[PDB]
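In: here is the sequence, then the experimental structure:
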Amino acid sequence: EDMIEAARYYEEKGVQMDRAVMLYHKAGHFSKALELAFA
């Protein structure tokens with residue numbers, strides 16, 4: 001759950017948005033932003 005807000009701040013910046021997708025993978029919701037991985 002917390003990684004979701006982590007993604008929120010990071011992708012609000014965007015640098016670690018890839019790390020945010022990796023967190024969503026760690027979060028068991030890798031689909032969350034799986035598209036936002038944007039290849």
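Out: Perfect, thanks for sending it. Numbering: from 1, shown residues only.
In: only C-alpha atoms from now on, for both contacts and neighbour counts.
Out: Will do.
In: show residues contacting the longest helix belonging to the chain.
Out: Longest helix in the chain, counting residues (DSSP state H): helix 2-13. Contacts of helix 2-13 with the rest of the structure, by Cα atoms under 8 Å, 6 or more residues apart in numbering, involve 16, 17, 20, 21, 23, 24, 27.
In: may I have stretch 10-19 exported as PDB, CA atoms only?
Out: What follows is the C-alpha trace of stretch 10-19 in PDB, where atoms were taken according to Å, rounded to 0.1, in the frame of the first residue of the first chain:
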ATOM      1  CA  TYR A  10       8.100   9.800  -7.500                       C
ATOM      2  CA  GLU A  11       6.000   9.800 -10.700                       C
ATOM      3  CA  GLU A  12       4.700  13.200  -9.700                       C
ATOM      4  CA  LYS A  13       8.400  13.900 -10.300                       C
ATOM      5  CA  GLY A  14       9.000  11.000 -12.800                       C
ATOM      6  CA  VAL A  15      12.600  10.100 -12.200                       C
ATOM      7  CA  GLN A  16      12.000   6.900 -10.200                       C
ATOM      8  CA  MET A  17       8.700   6.200 -11.900                       C
ATOM      9  CA  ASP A  18      10.500   3.200 -13.300                       C
ATOM     10  CA  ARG A  19      11.400   2.400  -9.700                       C
END
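In: mind listing what's buried in it?
Out: Of the residues in stretch 10-19, those scored as buried under the neighbour-count criterion (16 or more other Cα atoms under 10 Å) are 10, 11, 16, 17, 18, 19.
In: need the contact list for the fourth one.
Out: In this structure, residue 17 makes contact with 7, 10, 11, 37, judged by Cα under 8 Å, 6+ apart.
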